[PDB]
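J.: let's see this in three dimensions:
(chains A, B and C, ligands or ions: 7)
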Amino acid sequence: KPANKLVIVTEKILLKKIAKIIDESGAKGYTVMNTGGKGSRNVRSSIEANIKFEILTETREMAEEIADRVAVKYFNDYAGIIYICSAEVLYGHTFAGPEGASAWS
Amino acid sequence: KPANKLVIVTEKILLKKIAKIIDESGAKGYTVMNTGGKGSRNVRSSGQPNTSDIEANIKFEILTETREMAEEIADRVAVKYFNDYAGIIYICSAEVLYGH
Amino acid sequence: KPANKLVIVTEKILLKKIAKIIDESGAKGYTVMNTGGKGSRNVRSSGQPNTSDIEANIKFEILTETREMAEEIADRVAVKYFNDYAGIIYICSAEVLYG
Ligand SMILES: Nc1ncnc2c1ncn2[C@@H]1O[C@H](COP(=O)(O)OP(=O)(O)OP(=O)(O)O)[C@@H](O)[C@H]1O
Ligand SMILES: Nc1ncnc2c1ncn2[C@@H]1O[C@H](COP(=O)(O)OP(=O)(O)OP(=O)(O)O)[C@@H](O)[C@H]1O
Ligand SMILES: Nc1ncnc2c1ncn2[C@@H]1O[C@H](COP(=O)(O)OP(=O)(O)OP(=O)(O)O)[C@@H](O)[C@H]1O
Ligand SMILES: [Cl-]
Ligand code: NA
Ligand code: NA
Ligand code: NA
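T.: Numbering: from 1, shown residues only, chains lettered A, B, ... in the order given. Ligands and ions are numbered 1, 2, ... in the order given. Please find the structure below.
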(Lines give C-alpha, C1' and ligand atoms only; values in the text may rest on other atoms or scores of the structure.)
(Ligands and ions follow the chains in the order given, each with its own letter.)
Protein backbone atom coordinates (compact mmCIF):
# COMPACT_ATOMS: atom_id res chain seq x y z
CA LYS A 1 0.00 0.00 0.00
CA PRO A 2 1.56 3.32 -1.06
CA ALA A 3 2.50 5.92 1.46
CA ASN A 4 4.52 9.13 1.49
CA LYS A 5 7.63 9.07 3.61
CA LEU A 6 8.19 12.67 4.77
CA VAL A 7 11.73 13.43 5.91
CA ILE A 8 12.66 16.43 8.04
CA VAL A 9 16.34 17.07 8.81
CA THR A 10 16.62 19.84 11.32
CA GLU A 11 18.07 21.08 14.56
CA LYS A 12 17.94 18.81 17.55
CA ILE A 13 16.45 21.45 19.84
CA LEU A 14 13.22 21.32 17.76
CA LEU A 15 12.59 17.58 18.59
CA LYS A 16 9.58 17.98 20.91
CA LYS A 17 8.14 20.92 18.97
CA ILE A 18 8.09 18.93 15.72
CA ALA A 19 6.80 15.76 17.40
CA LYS A 20 3.78 17.88 18.49
CA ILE A 21 3.15 19.06 14.93
CA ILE A 22 3.35 15.48 13.69
CA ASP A 23 0.87 14.32 16.30
CA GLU A 24 -1.53 17.16 15.59
CA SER A 25 -1.49 16.19 11.91
CA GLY A 26 -3.11 12.82 12.53
CA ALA A 27 0.02 10.91 11.60
CA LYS A 28 0.23 7.59 13.47
CA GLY A 29 3.87 8.01 14.40
CA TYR A 30 7.35 9.05 13.47
CA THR A 31 10.95 7.77 13.60
CA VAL A 32 13.77 10.09 14.65
CA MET A 33 17.55 9.63 14.38
CA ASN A 34 20.51 11.71 15.59
CA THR A 35 22.65 12.91 12.71
CA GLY A 36 25.34 15.33 11.66
CA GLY A 37 25.50 17.36 8.52
CA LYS A 38 26.41 20.41 6.62
CA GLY A 39 24.07 22.72 4.63
CA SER A 40 24.20 25.78 2.44
CA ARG A 41 21.23 27.80 3.71
CA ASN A 42 23.68 29.10 6.39
CA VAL A 43 21.01 29.95 8.92
CA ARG A 44 22.71 28.08 11.83
CA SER A 45 26.27 28.07 10.45
CA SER A 46 28.50 28.74 7.40
CA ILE A 47 28.91 16.79 18.20
CA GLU A 48 25.91 15.78 16.09
CA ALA A 49 23.36 18.66 16.26
CA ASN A 50 20.83 17.41 13.91
CA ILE A 51 17.83 15.25 14.02
CA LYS A 52 16.19 13.45 11.16
CA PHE A 53 12.47 12.62 11.26
CA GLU A 54 10.87 10.07 9.00
CA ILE A 55 7.11 10.13 8.99
CA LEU A 56 5.00 7.66 6.99
CA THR A 57 1.76 9.54 6.33
CA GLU A 58 -1.82 8.59 5.64
CA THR A 59 -2.00 10.84 2.62
CA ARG A 60 0.08 13.33 0.58
CA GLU A 61 -2.04 16.09 2.14
CA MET A 62 -1.03 14.99 5.60
CA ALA A 63 2.67 15.10 4.64
CA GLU A 64 2.26 18.56 3.09
CA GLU A 65 0.49 19.78 6.19
CA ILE A 66 3.34 18.70 8.46
CA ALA A 67 5.92 20.13 6.07
CA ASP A 68 4.23 23.45 5.67
CA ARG A 69 3.72 23.87 9.49
CA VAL A 70 7.36 22.98 10.25
CA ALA A 71 8.84 25.14 7.53
CA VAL A 72 6.67 28.24 8.24
CA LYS A 73 7.05 27.96 11.98
CA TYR A 74 10.82 27.30 12.07
CA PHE A 75 12.82 27.43 8.84
CA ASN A 76 13.35 31.18 8.63
CA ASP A 77 14.98 30.89 12.05
CA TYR A 78 16.46 27.39 12.16
CA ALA A 79 18.40 25.17 9.79
CA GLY A 80 16.61 22.32 8.06
CA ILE A 81 15.43 20.69 4.87
CA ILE A 82 12.30 18.68 4.09
CA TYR A 83 11.75 16.13 1.36
CA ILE A 84 9.39 13.26 0.48
CA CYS A 85 10.16 9.70 -0.70
CA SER A 86 7.64 7.16 -1.97
CA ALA A 87 7.20 4.14 0.26
CA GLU A 88 5.03 1.03 0.26
CA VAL A 89 3.94 -0.16 3.70
CA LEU A 90 4.07 -3.88 4.37
CA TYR A 91 3.28 -3.85 8.07
CA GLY A 92 2.08 -0.75 9.70
CA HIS A 93 -0.36 0.50 12.41
CA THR A 94 -2.89 -2.01 11.14
CA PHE A 95 -0.61 -5.04 11.73
CA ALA A 96 -3.30 -6.80 13.78
CA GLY A 97 -6.23 -5.32 11.83
CA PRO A 98 -9.05 -2.90 12.60
CA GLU A 99 -10.63 -2.42 16.08
CA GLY A 100 -14.35 -2.88 16.61
CA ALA A 101 -16.74 -5.06 14.67
CA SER A 102 -14.56 -5.51 11.53
CA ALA A 103 -11.65 -6.80 13.71
CA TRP A 104 -10.02 -10.07 12.77
CA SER A 105 -8.05 -10.19 16.03
CA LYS B 1 20.70 -1.85 -10.82
CA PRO B 2 17.17 -1.33 -9.34
CA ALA B 3 16.60 -2.83 -5.97
CA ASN B 4 14.17 -3.06 -3.15
CA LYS B 5 15.23 -1.27 0.04
CA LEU B 6 13.40 -3.04 2.89
CA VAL B 7 13.08 -0.92 6.02
CA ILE B 8 12.32 -2.43 9.43
CA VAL B 9 11.92 -0.02 12.34
CA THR B 10 11.52 -1.93 15.62
CA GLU B 11 12.64 -2.27 19.18
CA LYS B 12 16.41 -2.10 19.65
CA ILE B 13 16.30 -5.30 21.74
CA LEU B 14 15.35 -7.26 18.55
CA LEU B 15 18.62 -6.46 16.79
CA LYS B 16 20.19 -9.93 16.81
CA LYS B 17 16.77 -11.66 16.26
CA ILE B 18 16.15 -9.63 13.04
CA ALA B 19 19.73 -10.00 11.85
CA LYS B 20 19.20 -13.79 12.13
CA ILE B 21 16.10 -13.57 9.84
CA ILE B 22 17.92 -11.40 7.40
CA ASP B 23 20.86 -13.78 7.23
CA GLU B 24 18.63 -16.82 6.87
CA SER B 25 16.64 -15.15 4.00
CA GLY B 26 19.66 -15.09 1.63
CA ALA B 27 19.99 -11.29 1.84
CA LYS B 28 23.61 -10.16 1.38
CA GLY B 29 23.74 -7.56 4.14
CA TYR B 30 21.97 -4.90 6.05
CA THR B 31 22.58 -1.45 7.55
CA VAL B 32 21.25 -0.57 10.98
CA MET B 33 20.84 2.68 12.89
CA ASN B 34 19.73 3.63 16.40
CA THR B 35 16.51 5.66 16.50
CA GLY B 36 13.83 7.05 18.66
CA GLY B 37 10.20 7.42 17.73
CA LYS B 38 6.55 7.07 18.56
CA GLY B 39 3.79 4.86 17.24
CA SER B 40 0.15 4.18 17.72
CA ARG B 41 0.02 0.38 18.05
CA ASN B 42 0.89 0.74 21.73
CA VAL B 43 2.43 -2.72 22.07
CA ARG B 44 5.81 -1.87 23.45
CA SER B 45 5.71 -3.74 26.81
CA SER B 46 7.30 -0.76 28.60
CA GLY B 47 5.13 1.99 27.04
CA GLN B 48 6.03 4.84 24.64
CA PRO B 49 9.80 5.69 24.89
CA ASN B 50 10.91 9.12 26.18
CA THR B 51 10.98 11.70 23.39
CA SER B 52 14.66 12.23 24.26
CA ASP B 53 15.41 8.48 23.86
CA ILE B 54 17.01 8.07 20.43
CA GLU B 55 18.06 4.50 21.12
CA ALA B 56 14.68 2.85 21.89
CA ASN B 57 14.60 1.53 18.38
CA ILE B 58 16.66 0.21 15.55
CA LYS B 59 16.16 0.85 11.88
CA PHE B 60 17.34 -1.75 9.40
CA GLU B 61 17.77 -1.00 5.77
CA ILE B 62 18.15 -4.15 3.64
CA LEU B 63 18.85 -3.97 -0.14
CA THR B 64 17.37 -7.31 -1.23
CA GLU B 65 18.14 -9.54 -4.13
CA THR B 66 14.40 -9.51 -5.27
CA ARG B 67 10.99 -8.23 -4.17
CA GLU B 68 10.08 -11.72 -2.98
CA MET B 69 13.09 -11.80 -0.70
CA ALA B 70 12.05 -8.48 0.90
CA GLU B 71 8.54 -9.77 1.44
CA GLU B 72 9.83 -13.01 2.94
CA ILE B 73 11.87 -11.13 5.48
CA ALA B 74 9.00 -8.74 6.30
CA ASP B 75 6.46 -11.54 6.69
CA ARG B 76 8.69 -13.55 9.06
CA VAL B 77 9.59 -10.58 11.24
CA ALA B 78 6.04 -9.49 11.54
CA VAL B 79 4.41 -12.85 12.28
CA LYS B 80 7.19 -13.86 14.74
CA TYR B 81 7.45 -10.60 16.68
CA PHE B 82 4.88 -7.80 16.05
CA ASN B 83 2.20 -9.08 18.42
CA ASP B 84 4.66 -8.72 21.29
CA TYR B 85 7.01 -5.96 20.05
CA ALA B 86 6.63 -2.56 18.50
CA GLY B 87 7.58 -2.02 14.87
CA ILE B 88 6.66 -1.23 11.29
CA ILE B 89 8.02 -2.41 7.90
CA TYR B 90 8.03 -0.71 4.54
CA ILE B 91 9.85 -0.70 1.22
CA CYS B 92 11.45 2.02 -0.85
CA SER B 93 12.85 1.71 -4.36
CA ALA B 94 16.62 2.10 -4.73
CA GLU B 95 19.09 2.03 -7.57
CA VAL B 96 22.43 0.41 -6.55
CA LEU B 97 25.42 2.08 -8.03
CA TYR B 98 28.41 0.36 -6.35
CA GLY B 99 28.91 -2.34 -3.76
CA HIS B 100 26.43 -5.20 -3.74
CA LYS C 1 11.63 19.95 -7.09
CA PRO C 2 12.59 16.24 -8.26
CA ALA C 3 15.94 15.28 -6.74
CA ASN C 4 18.38 12.40 -6.26
CA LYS C 5 19.18 11.24 -2.81
CA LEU C 6 22.55 9.64 -3.00
CA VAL C 7 23.36 7.23 -0.10
CA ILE C 8 26.90 6.16 0.80
CA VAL C 9 27.38 3.58 3.51
CA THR C 10 31.07 3.05 4.25
CA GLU C 11 33.69 2.70 6.99
CA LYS C 12 33.56 5.45 9.57
CA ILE C 13 37.29 6.15 9.13
CA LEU C 14 36.52 7.69 5.70
CA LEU C 15 34.23 10.44 7.08
CA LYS C 16 36.50 13.46 6.34
CA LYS C 17 37.69 12.18 2.96
CA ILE C 18 34.15 11.56 1.66
CA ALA C 19 32.91 14.90 3.04
CA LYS C 20 35.64 16.53 0.97
CA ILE C 21 34.59 14.63 -2.14
CA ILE C 22 30.98 15.73 -1.54
CA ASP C 23 32.02 19.38 -1.09
CA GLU C 24 34.21 19.35 -4.23
CA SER C 25 31.27 18.03 -6.32
CA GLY C 26 29.33 21.24 -5.68
CA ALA C 27 26.67 19.48 -3.47
CA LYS C 28 24.96 21.97 -1.26
CA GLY C 29 25.14 19.76 1.84
CA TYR C 30 24.95 16.32 3.32
CA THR C 31 23.50 14.43 6.28
CA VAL C 32 25.61 11.77 8.05
CA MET C 33 24.53 9.08 10.60
CA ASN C 34 26.55 6.39 12.47
CA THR C 35 25.47 2.90 11.57
CA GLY C 36 26.21 -0.75 12.09
CA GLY C 37 25.91 -3.31 9.47
CA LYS C 38 26.94 -6.49 7.65
CA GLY C 39 27.89 -7.12 4.07
CA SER C 40 29.03 -9.81 1.72
CA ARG C 41 32.08 -8.24 -0.04
CA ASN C 42 34.24 -9.24 2.99
CA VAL C 43 36.69 -6.50 2.25
CA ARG C 44 36.70 -4.68 5.64
CA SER C 45 40.28 -5.08 6.94
CA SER C 46 39.10 -5.71 10.56
CA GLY C 47 36.41 -8.26 9.58
CA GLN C 48 32.69 -8.13 10.16
CA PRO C 49 31.59 -5.67 12.89
CA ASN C 50 30.04 -6.83 16.15
CA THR C 51 26.25 -7.08 15.75
CA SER C 52 25.97 -4.53 18.63
CA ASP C 53 28.44 -2.02 17.10
CA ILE C 54 26.26 0.75 15.70
CA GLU C 55 29.29 2.97 14.87
CA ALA C 56 31.32 0.75 12.47
CA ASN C 57 30.02 2.64 9.53
CA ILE C 58 28.87 6.08 8.47
CA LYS C 59 25.91 6.68 6.19
CA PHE C 60 25.85 9.87 4.10
CA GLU C 61 22.67 11.14 2.49
CA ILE C 62 23.27 13.78 -0.14
CA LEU C 63 20.37 15.48 -1.97
CA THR C 64 22.06 16.46 -5.21
CA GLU C 65 21.37 19.18 -7.79
CA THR C 66 21.46 16.70 -10.65
CA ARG C 67 21.97 13.01 -11.37
CA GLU C 68 25.43 14.02 -12.76
CA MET C 69 26.49 15.37 -9.38
CA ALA C 70 25.33 12.24 -7.57
CA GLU C 71 27.25 10.09 -10.06
CA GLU C 72 30.41 12.20 -9.68
CA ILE C 73 30.41 11.68 -5.93
CA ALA C 74 29.61 7.94 -6.24
CA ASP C 75 32.23 7.27 -8.88
CA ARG C 76 34.88 9.21 -6.95
CA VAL C 77 34.21 7.29 -3.70
CA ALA C 78 34.07 3.84 -5.23
CA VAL C 79 36.99 4.17 -7.55
CA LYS C 80 39.27 5.66 -4.91
CA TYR C 81 38.20 3.48 -1.89
CA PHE C 82 36.10 0.34 -2.56
CA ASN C 83 39.00 -1.96 -3.38
CA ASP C 84 40.30 -1.42 0.15
CA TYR C 85 37.29 -0.37 2.17
CA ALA C 86 33.79 -1.71 2.80
CA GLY C 87 30.77 0.17 1.50
CA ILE C 88 27.80 0.37 -0.79
CA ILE C 89 26.31 3.33 -2.67
CA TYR C 90 22.78 3.72 -4.01
CA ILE C 91 20.28 6.35 -5.04
CA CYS C 92 16.61 6.97 -3.95
CA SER C 93 14.26 9.52 -5.67
CA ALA C 94 13.22 12.40 -3.54
CA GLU C 95 11.08 15.37 -3.97
CA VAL C 96 12.35 18.42 -2.05
CA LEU C 97 9.65 20.48 -0.45
CA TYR C 98 11.69 23.00 1.64
CA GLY C 99 15.08 23.18 0.24
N1 LIG D 1 21.70 18.90 -0.11
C2 LIG D 1 21.58 18.23 1.04
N3 LIG D 1 21.69 16.89 1.20
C4 LIG D 1 21.52 16.31 2.38
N5 LIG D 1 21.34 16.92 3.59
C6 LIG D 1 21.26 18.25 3.54
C7 LIG D 1 21.41 18.99 2.30
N8 LIG D 1 21.29 20.33 2.59
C9 LIG D 1 21.08 20.42 3.93
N10 LIG D 1 21.10 19.19 4.52
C11 LIG D 1 20.88 18.78 5.92
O12 LIG D 1 20.11 19.80 6.48
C13 LIG D 1 20.83 20.40 7.58
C14 LIG D 1 20.48 21.86 7.63
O15 LIG D 1 20.99 22.52 6.46
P16 LIG D 1 20.54 23.98 6.07
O17 LIG D 1 21.09 24.28 4.70
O18 LIG D 1 19.09 24.06 6.32
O19 LIG D 1 21.13 24.95 7.18
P20 LIG D 1 22.60 25.46 7.49
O21 LIG D 1 22.41 26.62 8.55
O22 LIG D 1 23.49 25.68 6.33
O23 LIG D 1 23.05 24.07 8.21
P24 LIG D 1 24.44 23.73 8.87
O25 LIG D 1 24.56 24.62 10.14
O26 LIG D 1 24.29 22.23 9.14
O27 LIG D 1 25.53 24.14 7.88
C28 LIG D 1 22.26 20.08 7.30
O29 LIG D 1 23.11 20.05 8.47
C30 LIG D 1 22.17 18.70 6.71
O31 LIG D 1 22.00 17.66 7.73
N1 LIG E 1 3.76 6.49 10.69
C2 LIG E 1 4.98 6.17 11.10
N3 LIG E 1 6.01 6.83 10.54
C4 LIG E 1 7.26 6.57 10.85
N5 LIG E 1 7.65 5.76 11.86
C6 LIG E 1 6.66 5.14 12.54
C7 LIG E 1 5.29 5.33 12.23
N8 LIG E 1 4.53 4.51 12.99
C9 LIG E 1 5.38 3.92 13.82
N10 LIG E 1 6.67 4.26 13.54
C11 LIG E 1 7.93 3.74 14.14
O12 LIG E 1 7.64 2.43 14.61
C13 LIG E 1 7.92 2.36 15.98
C14 LIG E 1 6.94 1.49 16.66
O15 LIG E 1 5.57 1.94 16.47
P16 LIG E 1 4.35 0.92 16.64
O17 LIG E 1 3.15 1.72 16.24
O18 LIG E 1 4.67 -0.37 15.96
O19 LIG E 1 4.38 0.55 18.20
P20 LIG E 1 4.18 1.41 19.57
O21 LIG E 1 4.11 0.37 20.65
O22 LIG E 1 3.04 2.33 19.49
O23 LIG E 1 5.59 2.22 19.62
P24 LIG E 1 6.09 3.38 20.59
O25 LIG E 1 6.31 2.77 22.03
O26 LIG E 1 7.40 3.72 19.99
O27 LIG E 1 5.06 4.48 20.63
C28 LIG E 1 7.82 3.83 16.44
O29 LIG E 1 8.57 4.04 17.65
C30 LIG E 1 8.44 4.57 15.31
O31 LIG E 1 9.88 4.59 15.25
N1 LIG F 1 22.49 -5.71 0.90
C2 LIG F 1 22.77 -4.67 1.74
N3 LIG F 1 21.75 -3.99 2.28
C4 LIG F 1 22.07 -2.98 3.12
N5 LIG F 1 23.26 -2.60 3.54
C6 LIG F 1 24.31 -3.27 3.09
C7 LIG F 1 24.13 -4.34 2.12
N8 LIG F 1 25.34 -4.86 1.84
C9 LIG F 1 26.22 -4.14 2.48
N10 LIG F 1 25.59 -3.17 3.22
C11 LIG F 1 26.20 -2.14 4.09
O12 LIG F 1 27.52 -1.88 3.56
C13 LIG F 1 28.50 -2.18 4.59
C14 LIG F 1 29.74 -2.81 4.02
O15 LIG F 1 29.40 -4.01 3.26
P16 LIG F 1 30.34 -4.54 2.07
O17 LIG F 1 29.66 -5.70 1.46
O18 LIG F 1 30.81 -3.43 1.27
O19 LIG F 1 31.69 -4.98 2.86
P20 LIG F 1 32.01 -6.07 4.02
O21 LIG F 1 33.52 -6.07 4.22
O22 LIG F 1 31.36 -7.38 3.75
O23 LIG F 1 31.31 -5.36 5.29
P24 LIG F 1 31.03 -5.88 6.76
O25 LIG F 1 32.43 -6.00 7.42
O26 LIG F 1 30.21 -4.79 7.38
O27 LIG F 1 30.46 -7.29 6.68
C28 LIG F 1 27.79 -3.12 5.54
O29 LIG F 1 28.30 -3.10 6.88
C30 LIG F 1 26.38 -2.58 5.54
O31 LIG F 1 26.20 -1.44 6.36
CL1 LIG G 1 18.60 6.82 8.43
NA1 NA H 1 25.68 25.95 6.34
NA1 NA I 1 2.73 4.13 20.98
NA1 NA J 1 31.10 -9.03 5.41
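J.: please enumerate the helices of chain A.
T.: Assigned by DSSP state H, chain A shows helices spanning A:15-24, A:60-74.
J.: of those, which approaches residue B:5 most closely?
T.: Relative to residue B:5, the nearest member of the helices of chain A by C-beta to C-beta is helix A:60-74, separated by 19.0 Å. Where you see a C-beta, it was placed from the backbone N, CA and C, and this is true even at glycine.
J.: any part of that closest one near ligand 2?
T.: No. Judged by C-beta under 6 Å from any ligand atom, helix A:60-74 stays clear of ligand 2, getting no closer than 9.7 Å.
J.: pull out the buried residues from that helix.
T.: Going by neighbour count (16 or more other C-beta atoms under 10 Å in any protein chain shown), the buried part of helix A:60-74 is A:62-67, A:69-71, A:74.
J.: who wins for proximity to residue A:5 among the helices of chain A?
T.: Per C-beta to C-beta, nearest to residue A:5 of the helices of chain A: helix A:60-74, 8.3 Å.
J.: do that closest one and ligand 1 meet at all?
T.: No. Contact of helix A:60-74 with ligand 1 (C-beta under 6 Å from any ligand atom) is absent, the minimum separation being 10.3 Å.
J.: which residues outside that helix are in contact with it?
T.: Residues lying outside helix A:60-74 but in contact with it, judged by C-beta atoms under 8 Å, 6 or more residues apart in numbering or on different chains, are A:4, A:6, A:8, A:10, A:14, A:17-18, A:21-22, A:25-27, A:55, A:57, A:80, A:82, A:84, C:97-98.
J.: relative to helix A:15-24, how tilted is it?
T.: 150 degrees (axes from the mean of the first three to the mean of the last three C-alpha atoms, to 10 degrees).
J.: run the chain-centre distance for helix A:60-74.
T.: Its chain's C-alpha centre and that of helix A:60-74 lie 9 Å apart, by C-alpha atoms, centre = their mean, to the nearest Å.
J.: who touches the nearest residue to residue A:41 once chain neighbours are set aside in this structure?
T.: Among residues not flanking residue A:41 along the chain, residue A:79 sits closest, at 6.3 Å (C-beta to C-beta, 6 or more residues apart in numbering or on different chains). Contacts for residue A:79 (C-beta under 8 Å, 6+ apart) come out as A:10-11, A:39, A:41, A:43-45, A:50.
J.: mark which of those are buried, thanks.
T.: Taking 16+ other C-beta under 10 Å as the criterion, what is buried in the contacts of residue A:79 is A:10-11, A:39, A:41, A:50.
J.: returning to that earlier point: which of the contacts of residue A:79 sits closest to chain C?
T.: The shortest approach to chain C among these belongs to residue A:39, at 4.0 Å (C-beta to the nearest C-beta).
J.: give me the phi and psi for the closest one.
T.: Backbone geometry at residue A:39, expressed as degrees, to the nearest 10, gives phi -140, psi 180.
J.: and what of the one 5 residues further on?
T.: With angles defined as degrees, to the nearest 10, residue A:44 sits at phi -80, psi -40.
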